[PDB]
Amino acid sequence: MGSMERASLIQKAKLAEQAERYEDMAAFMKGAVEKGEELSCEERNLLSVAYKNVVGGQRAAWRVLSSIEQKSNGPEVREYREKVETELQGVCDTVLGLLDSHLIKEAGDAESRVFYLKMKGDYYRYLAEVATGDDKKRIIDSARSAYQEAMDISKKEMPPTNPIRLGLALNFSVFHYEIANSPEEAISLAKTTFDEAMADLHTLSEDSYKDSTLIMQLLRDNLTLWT
Amino acid sequence: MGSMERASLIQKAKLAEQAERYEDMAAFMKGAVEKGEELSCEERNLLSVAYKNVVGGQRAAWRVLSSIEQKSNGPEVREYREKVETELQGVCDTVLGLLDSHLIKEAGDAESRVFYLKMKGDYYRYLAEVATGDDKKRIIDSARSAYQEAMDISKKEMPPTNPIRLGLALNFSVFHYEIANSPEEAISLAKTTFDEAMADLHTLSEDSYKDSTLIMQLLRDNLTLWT
Amino acid sequence: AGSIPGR
Amino acid sequence: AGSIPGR
Ligand SMILES: *Cc1ccc(S(=O)(=O)N(C)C2CCCCC2)cc1
Ligand SMILES: *Cc1ccc(S(=O)(=O)N(C)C2CCCCC2)cc1
Ligand SMILES: [Ca+2]
Ligand SMILES: [Ca+2]
Ligand SMILES: [Cl-]
Ligand SMILES: [Cl-]
């Protein structure tokens, strides 16, 4: 997207979101990142929404194909599952490449740095969901390490109701439950996060209260499923 | 898809449908058509489902972008609408190319020939929805001509309850209403089609009755909207 | 106005 | 188990 203006790529990403053209949206936002400037809060959300929708569709398809493959156990189901898996891995590698070149290293404020480290944990987590080889353990540790650095910053620099801090804790708790086989750690993290946010709600405006309580309900929904 | 077996392409198209990967499904079915053999009834449905979903998503996005463009009347909205429009036209041209090389000319039974001519009318109709240039009238006439040939065959060779005959009449009625600015012709065609099917329902099994009455309800739904 | 669906 | 949605 080298010939298109940064502002035009951002505008087109917003149009692509409206049109539910998430592959286009991700391509526009990749082009915007590659301009080399840091991203504002809104632009970070556009980048995250685009890739989360692209990889979300790939993960759903991979799960359908993996289920058919497991029930069947010709080569066609495995071949097609492998094709989808390779495409999914390619998108995760693309996102991780953008974070490494050079979003994370230029992110100095807590809000941006936590945001990008949470993304890094998420995309390693999606790689871990399909991993089966010699590097599976290292993929899981890469997710854990990114989430943990984000957690350490968020606990020092953000209030317990901050929506990024809450969403990071939610996704790290899912990592513990679904990837790391640590359901007790998942439950403890979700409970402590919820309780500390509850005790801080009194400080918030009506609008911030709505933002924080929405994510708290997601933590509670998982705790209801897990306990 | 030249190196993949015909039967493997068909199997993968079915898997892609299950996974809601319609672009893949269309690519597999294009490969199957290009093997050069005629398509069975099931295979014709796979081809039609794949492309109808691909172009259906493109049309929905084109409509969103066209609405934003009309309300705005920089270059970005027009540029992006044009990009989506060109992709849509390319898919329609691909389908029309498959019908012309060589599905229609090898289709001798009424069921296959009507099916493909209805597809030809549909994809010209989708081209007409976005057309604005010197060929718009010719695009509309191409849709009309394909639908009309399909109609002539269907009235001679199929019973009035046949689901392909009913779906052809439904889509030709939509052509009349939405493309040709002939709402009275649309209403007359939908009403006559519905009434003639009603009078033939007594000949059908329970399963055929369910198939025919489903499409009759679609005709009635349009008549309710139009009258 | 509705046209035919695929399935 | 649900992770965060985009919007
Ligand atoms: C990981 C994460 C958490 C929270 C946000 S957000 O900016 O507060 N936002 C988009 C919310 C996301 C969940 C649903 C409501 C809004 C962004 C990213
Ligand atoms: C154009 C057309 C009409 C009907 C058929 S079908 O084979 O009878 N079938 C898939 C129906 C399509 C509408 C919803 C119920 C089934 C195929 C193509
Ligand atoms: Ca510039
Ligand atoms: Ca062969
Ligand atoms: Cl910085
Ligand atoms: Cl033939």
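These values consider heavy atoms only, across backbone and side chains, with no hydrogens, waters or symmetry-generated copies. The chains referred to below are lettered A, B, ... by the order of the sequence lines, with proteins before strands, and numbering in each begins at 1.
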* Structure fact -> In terms of heavy-atom contacts, A:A128 and A:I179 come closest through CB-CG2, 3.9 Å
* Asked: What residue pairs, at least two apart or across chains, pass side chain to side chain donor-acceptor pair (under 3.5 Å) with a residue in residues 218-227 of chain B?
  -> B:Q217-B:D221
* To do: Indicate yes or no for a side-chain donor-acceptor contact from A:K83 to the backbone of A:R78 under 3.5 Å, with no hydrogens or angles considered.
  => no
* Has the side chain of B:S154 got a donor or acceptor atom that lies under 3.5 Å from a matching backbone atom of B:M151? -> yes
* Take atom NZ of B:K35 as the centre, draw a 6.0 Å sphere, and report whether it contains more than 12 heavy atoms from other residues, nucleotides or ligands. => yes
* Please report the shortest heavy-atom distance between A:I139 and A:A131, naming the atom on each side. => CD1-CB, 3.8 Å
* **Validation row: B:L103, B:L47 side chains within 4.5 angstrom (heavy atoms)** => yes
* To do: Determine the sole option in B:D207, B:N162, B:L166 for which the side-chain contact (heavy atoms from CB on, under 4.5 Å) test with B:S212 is passed.
  => B:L166
* Residues that B:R21 engages under salt bridge (charged side-chain N to carboxylate O under 4.0 Å, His left out), provided they are two or more places apart -> A:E87, B:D24
* For residues B:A143 and B:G121, report the shortest heavy-atom separation together with the two atoms involved. => CB-O, 3.7 Å
* To do: To the nearest 0.5 Å, tell me how far B:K136 NZ sits from B:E129 CD.
  => 9.5 Å
* Is it true that a side-chain atom of B:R44 and a backbone atom of B:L39 form a donor plus acceptor pair closer than 3.5 Å? -> yes
* **Heavy-atom pair with the smallest gap, counting every atom of D:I4 and A:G167** => CD1-CA, 4.0 Å
* To do: Compute whether any side-chain donor of one residue and acceptor of the other, for A:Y123 and A:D93, lie under 3.5 angstrom apart.
  => no
* Residue of the set A:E37, A:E43, A:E34 for which salt bridge (charged side-chain N to carboxylate O under 4.0 Å, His left out) holds with A:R6 -> A:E43
* Could you check if a side-chain atom of B:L9 sits within less than 4.5 angstrom of a side-chain atom of B:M29, using non-hydrogen atoms only? => no
* **B:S188 side chain to B:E184 backbone, donor-acceptor under 3.5 Å** => no
* Asked: Quick one: do B:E17 and C:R7 make a salt bridge, cutoff under 4.0 Å?
  -> yes
* Asked: Is atom NZ of A:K52 surrounded by more than 12 heavy atoms (other residues, nucleotides or ligands) closer than 6.0 Å?
  -> yes
* Residue pair B:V174, B:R125: steps toward the side chain to side chain contact (heavy atoms under 4.5 Å, CB included) verdict -> CA-CA 10 Å; B:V174 170; B:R125 169 163 60 87; 3.9 Å; yes
* Side chain B:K120, main chain B:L96, donor-acceptor under 3.5 Å -> no
* Asked: Would you call B:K12 and A:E79 a side-chain contact if the rule is heavy atoms closer than 4.5 Å?
  -> yes
* Asked: Any donor and acceptor pair, going by atom type alone, linking the side chain of B:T94 with main-chain N or O of B:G90 inside 3.5 Å?
  -> yes
* **Separation between CG of B:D122 and CG of B:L99, rounded to the nearest 0.5 Å** => 10.0 Å
* **Distance in Å, B:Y147 OH paired with B:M119 CE, rounded so as to fall on 0.5 Å steps** => 11.0 Å
* Asked: Centroid-to-centroid, B:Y126 to B:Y51, below 6.0 Å?
  -> no
* Under 3.5 Å: donor-acceptor pair, side chain of B:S72, backbone of B:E69 -> yes
* Sub-3.5 Å donor-acceptor pair from the side chain of B:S208 to the main-chain atoms of B:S205, do we have one? -> no
* To do: Any chance you could measure B:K118, atom NZ, to B:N171, atom CG, to the nearest 0.5 Å?
  => 5.0 Å
* Asked: Does a side-chain heavy-atom distance below 4.5 Å link B:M216 with B:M198?
  -> yes
* To do: Locate the shortest heavy-atom distance separating B:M25 from B:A13; write the atom from each residue and the value.
  => CG-O, 3.4 Å
* To do: Any chance you could measure B:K191, atom NZ, to B:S173, atom OG, to the nearest 0.5 Å?
  => 13.5 Å
* Please step through side chain to side chain contact (heavy atoms under 4.5 Å, CB included) for the pair B:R113 and B:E149, ending with a clear verdict. => CA-CA 10 Å; B:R113 185 168 190 85; B:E149 181 181 344; 3.2 Å; yes
* Asked: Is the shortest heavy-atom distance from the side chain of D:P5 to the side chain of A:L218 under 4.5 Å?
  -> yes
* Spatial distance of atom CD1 (B:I215) from atom CG (B:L219) [nearest 0.5 Å] -> 8.0 Å
* Asked: Stepwise, does the side chain to side chain contact (heavy atoms under 4.5 Å, CB included) test hold for A:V77 with B:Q11?
  -> CA-CA 8 Å; A:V77 184; B:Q11 179 176 178; 4.2 Å; yes
* Does a salt bridge link B:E42 with B:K14, judged by any charged N lying under 4.0 Å from a carboxylate O? -> yes
* To do: Please name the pair of heavy atoms, one in B:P159 and one in B:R165, separated by the smallest distance, quoted to 0.1 Å.
  => O-CD, 3.4 Å
* Can you name the side-chain contact (heavy atoms from CB on, under 4.5 Å) partners of B:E20, sequence neighbours left out? -> B:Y22
* Asked: Where the side chain of B:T193 meets the backbone of B:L189, is there a donor-acceptor pair that is under 3.5 Å apart?
  -> yes
* **Residues B:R138, B:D141: salt bridge by 4.0 Å N-O rule** => no
* Go through the steps for A:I140 and A:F175 under the test side chain to side chain contact (heavy atoms under 4.5 Å, CB included), then give the verdict. => CA-CA 9 Å; A:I140 289 174; A:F175 168 83; 3.8 Å; yes
* **Side chain A:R81, main chain A:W62, donor-acceptor under 3.5 Å** => no
